[PDB]
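Chemist: Protein chains in written order, with this note's numbering: chain L, 1 to 892; chain P, 1 to 155.
Where a beta carbon is used, it is the ideal one built from N, C-alpha and C, also for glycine.
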């Protein structure tokens, strides 16, 4: 505007802003709108731009300006000239075709008046405070009215003032869909940049709500959860005020019986209260009053409310035995559970019980690891129930796709499921982008329709029935889609196809940091760009729009398959896919395509591309990153008497399937077979061969790893011959096991990421003091191990390890009141017998010996600080040893 | 009934139960002099049909049946050189294509293969100890999905 209001090569200002003609081209639409808005200030300089323009010299003003021409105000007279539509189809042209312009105007009009003033504007604009409106007004009234008049900036907004209400009044036929789209549009824009103008967002949201009578009960659950931000205390205060009003509104309506909002309320409230232990009293009542709505399962929510206000208590259940409310779905609602366990409540103790697995077990290990910041109490609860969890234990779509001709509609089905669920709101723009695409598409498919164009298929599939439920209205308008995103334009022209070969699909060392986070997207965009040449309406645009989206990967499999309907078969990357020294994931992505590109040849719809593929060769890469597909890739080209010792490598890559035994071993060298005998399964002859070789050549040939023998020797049952074979020598890394099996100890502490025996060793070896407070020290070791579990050196074993640590506690926890002690022993012994029903009596041995060992340590450290219990500890050790032997002979 | 009792003792030994090795059974209670039982196995067809499709355009099917007939009354053995081993050149085996064209999901393909092989070893041994015969291709039924071969009623 400042440059527009000048006449001395004003455009020259762009020279700095650009840090040529392109600088203006960059925002040409804005300039066109500006010239129209300039009105009185329009001049020959604007005409020069019109000269640069083509059809757009008239058409942009007649179309692009309309996207936000009203937002410029520029006097009612200017609005009237626009309405005159000298170069356009009257009012329809800037109304029916531009409902979305309301959002542009709303932003321009965002007066962000101090609440004292805003309340007055609302008194007129949202007259009568109709229930929910009263609640919203009450929220506005709770404000300190700390708005900056200066927030207006260019201040069309200041002029808009409450005058804007009359402008708003120009609108008609308000509907849910309009509200729905506006809220998400603004919500995402207001989810970014500085918090400095966050207040503007809050005001805008309130206005959006004030303007809408659409409050269809359960329909509103999405509002509650999508708005769960509270990213900053300032934002939180505004959000709390709005949220209080929303809760009050549900109550005012005596409806909106929404239960599945609550976990996304309480996770956020409780997270908010960590450190920031304060909460608005109007909010507190707005939520506390919901306690008696009784539209919910209640019990879990009852505990949440008491936790917030007072006397969290509930040791009887909330602390451990309460049902896992989260043992359904929600993924991250487990965060609330974990938090509630850490908050107040109690240390986990005395078994608990809570015999629930099923869904709880599944969800605990499903998305897994949400606990980036949660710990105390919960870790103990979880570990206690670990045993119970352990006790619980695509081609069809591809085939359909390859069974079809040019039927790209399958993508819409993929899109629909994606935006419907996927993350179930990760509080990102992705939802918004996808919804916008879907809206455009459906409006096309059941609107212009006519050609199926693969769009109409959504209706045929009845996909449209759901997709249109909150969409396919006040949209279409590819031009509007172009405003929502600059995509569906130049990006495709730029992405091209050869360009991928030259960049996205080039070795492109420079793209190494782009990788899956961007190089892949560029390649996808190019595929879309090429497809676009004969693509269906809407589809070309949709693909470009999502190009900047994240993790939309599967779309590329489909898109690639369809673009290759062409006779061209550029392939290119296919012919030289091996040079992959810059980043990993583009390798993996190419492999996935290689697989589906093969599957189609089992249907034989079009196989020339597979036949032309380089056989083997790339196989070595597939080997380096190890797919199991290597057996197919290697065996199918072979199926003959030919060997090739890459075969050995493939079997080695899987450790062993009891497959190596079949290798064509019979060597010409006597004794070289020892190299095989030593590798798998054998419990005795392999010992003899390893020993025979050692005696035969150790002489001076001391370099041979003794590991082949140490392995045989320990598996054979020797410990007494193993600590002396590879003592201080390099050889394995699990030596703690030997020292654990024996009474030797003395191998410091394995602080450097423990595993199995090391964890057990750690827990006892570093445990000071004769009982007393030693149990708490032992508990600390449990927590320590859990954190090691988060490293996850291996799968499953850690759950078993936690259980084992838990097994040390309890029995070691009761030198106090040694009455029930015998029953503790009986219970653990029976549990062990059940544990042993699965998994051979091999790894489990360390657990059993370790339990023995701890009882001996406690009985050894003790003397007379202790009274009586040392008798019980020594006896317990002896009895357990008897049982060790009985299990060992039974299964070992 | 015997097979179920055999399966009963291929269990409770730790090592085979841990390898998922065992045999598939029926129930099959007959009704009267005609019986007819039930228990058709879902997601399975017949090994015969699978092979007939795989070999549908390779050399000649019925001719193999004819050579196996024409030679029956010939002198001594002889026929093995004169024809069996000549016919043998045929088209070479094709069964592997069943799996490759049915399970283009490498992790599942791999597991199905292990299942398939184990299921043959258990078939062969138990049938051997019992001393069972016939089969005649038609009583051999290959499940898809997991690839476990099973027998249908054997006499």
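Rounded to whole angstroms, what is the Cα-Cα separation between residue 489 of chain L and residue 541 of chain L?
Modeler: On the first chain, residue 489 of chain L is found 489 positions in, with the first residue counted as 1. On the first chain, residue 541 of chain L is found 541 positions in, with the first residue counted as 1. So the two alpha carbons sit approximately 8 Å from each other.
Chemist: Hey, how far is the Cα of residue 717 of chain L from the Cα of residue 878 of chain L?
Modeler: One-based indexing of the first chain puts residue 717 of chain L at position 717. One-based indexing of the first chain puts residue 878 of chain L at position 878. Each residue's alpha carbon lies about 22 Å from the other.
Chemist: Just how far apart, CA to CA, sit residue 248 of chain L and residue 113 of chain L?
Modeler: The sequence position of residue 248 of chain L within the first chain is 248, counting from 1. The sequence position of residue 113 of chain L within the first chain is 113, counting from 1. So the two alpha carbons sit approximately 24 Å from each other.
Chemist: So is residue 62 of chain P in contact with chain L if we call contact Cβ pairs under 7 Å?
Modeler: Position 62 of the second chain, counting from 1, holds the residue named residue 62 of chain P. Closer than 7 Å: no.
Chemist: Report the CB separation of residue 31 of chain P from residue 22 of chain P in whole angstroms; it is logged as a contact under 8 Å.
Modeler: Taking the first residue of the second chain as 1, we reach residue 31 of chain P at position 31. Taking the first residue of the second chain as 1, we reach residue 22 of chain P at position 22. Not a contact, Cβ separation roughly 28 Å.
Chemist: Taking only the alpha-carbon atoms, compute the straight-line gap between residue 273 of chain L and residue 231 of chain L and give it to the nearest angstrom.
Modeler: Here residue 273 of chain L corresponds to residue number 273 of the first chain, with the count starting at 1. Here residue 231 of chain L corresponds to residue number 231 of the first chain, with the count starting at 1. Their backbone Cα atoms lie some 12 Å apart in a straight line.
Chemist: Using C-beta distances below 6 Å, list every residue in its chain close to residue 37 of chain P, excluding the 5 sequence neighbours before and after it, in chain order.
Modeler: As a working note, residue 37 of chain P is residue 37 in the second chain. Excluding positions up to five away in sequence, the list reads 28 and 30.
Chemist: Tell me whether the stretch 830 to 843 of chain L and the stretch 777 to 785 of chain L touch, counting them as touching only if at least three CB pairs, one residue from each stretch, are closer than 8 Å.
Modeler: Segments in contact, no.
Chemist: Examine chain L for any beta-carbon lying closer than 7 Å to the beta-carbon of residue 153 of chain P, and answer yes or no.
Modeler: The count along the second chain starts at 1 and reaches residue 153 of chain P at position 153. Closer than 7 Å: no.
Chemist: Could you pull the DSSP bridge partners for residue 150 of chain P from this structure?
Modeler: Counting from 1 along the second chain, the entry for residue 150 of chain P is found at position 150. Partner(s): P/141.
Chemist: Might you give, ordered along the chain, the residues of its own chain that have their beta carbon closer than 8 Å to the beta carbon of residue 90 of chain P, omitting 5 neighbours on each side?
Modeler: Position 90 of the second chain, counted from the first residue, corresponds to residue 90 of chain P. So the qualifying residues of the chain are 58, 59 and 64.
Chemist: Between the C-alpha atoms of residue 633 of chain L and residue 614 of chain L, what's the straight-line distance to the nearest angstrom?
Modeler: Counted from its first residue, the first chain places residue 633 of chain L at position 633. Counted from its first residue, the first chain places residue 614 of chain L at position 614. Each residue's Cα considered, the two are about 11 Å apart.
Chemist: Can you have a look at residue 791 of chain L and say buried or exposed, based on whether 16 or more other CB atoms are within 10 angstroms of its CB?
Modeler: Counted from its first residue, the first chain places residue 791 of chain L at position 791. So residue 791 of chain L counts as exposed.
Chemist: Smallest Cα separation from residue 480 of chain L: which of L/93, L/871 and L/883?
Modeler: As a working note, residue 480 of chain L is residue 480 in the first chain. When each option's Cα is compared against that of residue 480 of chain L, the closest is L/93.
Chemist: Cβ of residue 651 of chain L less than 7 Å from any chain P Cβ?
Modeler: Residue mapping note: residue 651 of chain L aligns to position 651 of the first chain, counting from 1. Answer no: the Cβ-Cβ gap between residue 651 of chain L and chain P never drops below 7 Å.
Chemist: Tell me the start and end of each unbroken alpha helix (DSSP H) in the stretch 376 to 434 of chain L that is at least 4 residues and wholly inside, in chain order.
Modeler: Entirely contained in the stretch 376 to 434 of chain L, the alpha helix (DSSP H) runs reaching 4 residues are, in chain order, 378 to 384, 386 to 392, 395 to 401 and 410 to 420.
Chemist: Look up residue 723 of chain L in the DSSP assignment and say whether it is helix, strand or coil.
Modeler: The count along the first chain starts at 1 and reaches residue 723 of chain L at position 723. If DSSP states are grouped into helix, strand and coil, residue 723 of chain L belongs with coil.
Chemist: Give me the Cα-Cα distance between residue 58 of chain L and residue 108 of chain L, rounded to the nearest whole angstrom.
Modeler: Position 58 of the first chain holds residue 58 of chain L. Position 108 of the first chain holds residue 108 of chain L. Spanning the two alpha carbons is a distance of roughly 24 Å.
Chemist: At a CB-CB cut-off below 9 Å, which residues of chain P make contact with residue 595 of chain L?
Modeler: Within the first chain, the letter at position 595 stands for residue 595 of chain L. The contacting residues are 104, 105 and 106.
Chemist: Within the 7 Å Cβ cut-off, does residue 641 of chain L reach chain P?
Modeler: For the purposes of this step, residue 641 of chain L is taken as the residue at position 641 of the first chain. False, the Cβ-Cβ gap to chain P never drops below 7 Å.
Chemist: When the cut-off is 7 Å and only beta carbons count, does residue 101 of chain P lie next to chain L?
Modeler: Residue mapping note: residue 101 of chain P aligns to position 101 of the second chain, counting from 1. Yes, contact with chain L.
Chemist: Starting from the beta carbon of residue 840 of chain L, find every residue of chain P whose beta carbon is closer than 9 Å, and list them in chain order.
Modeler: The count along the first chain starts at 1 and reaches residue 840 of chain L at position 840. Under the 9 Å cutoff, chain P gives 14, 15 and 18.
Chemist: Check the Cβ of residue 602 of chain L against every Cβ in chain P and list those closer than 9 Å, keeping chain order.
Modeler: Here residue 602 of chain L is taken as the residue at index 602 of the first chain, counted from 1. Near residue 602 of chain L (Cβ distances below 9 Å), the residues of chain P are 97, 100, 101, 102 and 104.
Chemist: Taking C-alpha atoms, which residue in L/826, L/326 and L/2 lies nearest to residue 882 of chain L?
Modeler: Along the first chain, one-based indexing puts residue 882 of chain L at 882. Cα-wise, what sits closest to residue 882 of chain L is L/826.
Chemist: Take the Cβ of residue 743 of chain L as the centre, count every other Cβ of all protein chains shown within 10 Å, and call the residue buried at 16 or more, exposed below.
Modeler: Start at 1 with the first residue of the first chain, and residue 743 of chain L comes out as number 743. Under this definition residue 743 of chain L is an exposed residue.
Chemist: Find the residues of chain L that neighbour residue 114 of chain P, judging by a C-beta separation of less than 8 Å, and give them in chain order.
Modeler: By one-based count along the second chain, residue 114 of chain P stands at place 114. The contacting residues are 657.
Chemist: Which chain P residues are close to residue 632 of chain L, counting only those with a beta carbon under 8 Å from its beta carbon?
Modeler: For this step, residue 632 of chain L is matched to residue 632 along the first chain. Those are 100, 106 and 109, listed as they occur along chain P.
Chemist: Please classify residue 471 of chain L as buried or exposed, where buried requires at least 16 neighbouring CB atoms within 10 angstroms.
Modeler: One-based indexing of the first chain puts residue 471 of chain L at position 471. Classification for residue 471 of chain L: buried.
Chemist: What is the DSSP secondary structure of residue 618 of chain L, counted as helix, strand or coil?
Modeler: As a first step, residue 618 of chain L must be located in the first chain, where it is residue number 618. Coil.
Chemist: I want to verify the contact list: residues of chain P whose CB lies under 9 Å from the CB of residue 891 of chain L, in sequence order.
Modeler: The residue given as residue 891 of chain L occupies position 891 in the first chain. Neighbours of residue 891 of chain L on chain P, chain order: 14.
Chemist: So with Cβ pairs under 7 Å, would you call residue 628 of chain L a contact of chain P?
Modeler: Numbered from its first residue, the first chain carries residue 628 of chain L at position 628. For residue 628 of chain L, the answer is yes, since a Cβ of chain P falls inside 7 Å of its Cβ.
Chemist: Does the Cβ-Cβ distance between residue 100 of chain L and residue 226 of chain L come in under 7 Å?
Modeler: Residue numbering aside, residue 100 of chain L sits at position 100 when the first chain is read from its first letter. Residue numbering aside, residue 226 of chain L sits at position 226 when the first chain is read from its first letter. Contact flag unset, no.
Chemist: Closer than 6 Å by C-beta to residue 430 of chain L: which residues in its own chain qualify, once you throw out the five before and the five after it? Chain order, please.
Modeler: In the first chain, the residue the question calls residue 430 of chain L occupies position 430. Once the five neighbours on either side are set aside, the close Cβ partners of residue 430 of chain L are 549.
Chemist: Which class does residue 44 of chain P belong to by DSSP, given the choice of helix, strand or coil?
Modeler: Here residue 44 of chain P refers to the residue found at position 44 of the second chain. DSSP places residue 44 of chain P in strand when its eight states are reduced to three.
Chemist: Out of curiosity, what's the CA-to-CA distance linking residue 298 of chain L and residue 291 of chain L?
Modeler: Looking up residue 298 of chain L in the first chain gives position 298. Looking up residue 291 of chain L in the first chain gives position 291. C-alpha separation (whole angstroms): 8 Å.
Chemist: At a Cβ threshold of 7 Å, is residue 395 of chain L touching chain P?
Modeler: Looking up residue 395 of chain L in the first chain gives position 395. True, the Cβ-Cβ gap to chain P drops below 7 Å.
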